[PDB]
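Just one chain follows, in the form deposited without the DNA, and it is written as structure tokens.
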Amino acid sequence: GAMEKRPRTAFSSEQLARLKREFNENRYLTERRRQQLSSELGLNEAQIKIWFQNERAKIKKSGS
């Protein structure tokens, strides 16, 4: 069943582990950079763009 009562990312702990280390250093990406992560964890550009779009939108504090 494709229905769920909580938001949930269709990704692995092995695969979010290296994604966390690029999100912590820059909050965005460029076309030239998308293709590096896409070759190094085997995802499409659509999936990477969206992942970096919505990780911003969960984290509303960054100023102290």
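Residue positions are given as counts along the sequence shown, with the first one as 1.
There is another form of this protein, the form solved in complex with the DNA, and it is not shown here; the text below is about that form.
Asks: Is residue 17 close enough to touch the DNA in the entry with it bound, meaning at least one heavy atom pair within 4.5 Å?
Replies: Residue 17 lies outside the contact set for the DNA.
Asks: Look up in the entry with it bound whether residue 53 has a non-hydrogen atom within 4.5 angstroms of the DNA, and give yes or no.
Replies: Heavy-atom contact with the DNA at 4.5 Å: present for residue 53.
Asks: Consider residue 49 of the chain shown here, and say whether it contacts the DNA in the entry with it bound, taking contact as heavy atoms within 4.5 Å.
Replies: Yes, residue 49 is a contact residue.
Asks: Can any non-hydrogen atom of residue 9 be found within 4.5 angstroms of the DNA in the entry with it bound?
Replies: Heavy-atom contact with the DNA at 4.5 Å: present for residue 9.
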